[PDB]
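Enquirer: Model the following, please.
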Amino acid sequence: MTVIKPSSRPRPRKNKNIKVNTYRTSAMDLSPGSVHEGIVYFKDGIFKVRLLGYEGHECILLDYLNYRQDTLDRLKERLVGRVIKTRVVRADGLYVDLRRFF
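Expert: Residues are numbered from 1 along each chain as shown. I have put the structure below:
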C-alpha cells in the first residue's frame with residue numbers, strides 16, 4: 001500500500017441541541033393570539049371549543065363574532081365535535097373566548 005497523496009480532509013460537524021433545563025416549577029403563558037387544538041360543540045346557535053385534558057376549561061367559538069350571527073351550513077352540524085385548530089381570544093379559566101380563522 002504505497003500511500004503518496006491520500007485525500008482525507010477533516011470535516012467535523014456534529015449537531016447537538018436538546019435544551020434541557022427545568023429548575024423546579026417553570027414555563028408559563030396565557031397571552032392571546034396563539035393557536036391551539038380543541039373539540040367543537042354546538043349550542044346557542046354558535047359553536048363551543050372544549051379543551052380536553054385540562055378538565056374545567058370551556059371556551060366559546062364565535063369566530064370573533066360577539067355581534068350578529070351567521071349560521072347557514074347544516075353540514076357544520078354533522079362536523080361539530082371534530083377536533084380543529086383555532087385562535088384564542090382570552091382564556092381566563094373555565095370560560096374563554098375563541099375565534100376560528102378561515
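
Enquirer: Which secondary structure state does residue 97 sit in?
Expert: For residue 97, the assignment made with DSSP: H, G, I helix; E, B strand; the rest coil gives strand.

Enquirer: can you give me the helices in the protein?
Expert: Counting by DSSP state H, the chain has helices at residues 74-79.

Enquirer: could you measure the residue nearest to residue 81 when sequence neighbours are not counted against residue 51, distance?
Expert: Excluding the flanking residues, the one nearest residue 81 by CB to CB, 6 or more residues apart in numbering is residue 40, at 5.7 Å. The C-beta positions use only the backbone N, C-alpha and C, and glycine is treated the same way. Residue 40 sits at a distance of 12 Å from residue 51 (criterion: CB to CB, to the nearest Å).

Enquirer: Same check on residue 1?
Expert: In terms of CB to CB, residue 1 sits 68 Å off from residue 51.

Enquirer: And those two? Which one has more around it.
Expert: Neighbours per residue (other CB atoms under 10 Å) separate residue 1 from residue 51, with residue 51 holding more: 18 against 2.

Enquirer: and the nearest residue to the more buried one once chain neighbours are set aside, what does it touch?
Expert: Distances taken as CB to CB, 6+ apart place residue 57 nearest to residue 51, at 3.8 Å, with adjacent residues excluded. Counting by CB atoms under 8 Å, 6 or more residues apart in numbering, residue 57 touches 50, 51, 91, 93, 94, 96.

Enquirer: Please tell me how far the residue most central in space within the chain sits from residue 59.
Expert: The centre of the chain sits closest to residue 36, judged by CA atoms, centre = their mean, with a distance of 2.0 Å. Distance, residue 36 to residue 59, by CB to CB: 9 Å.

Enquirer: so what sits against both of the two?
Expert: Joint contacts of residue 36 and residue 59 (CB under 8 Å, 6+ apart) are 51, 88.
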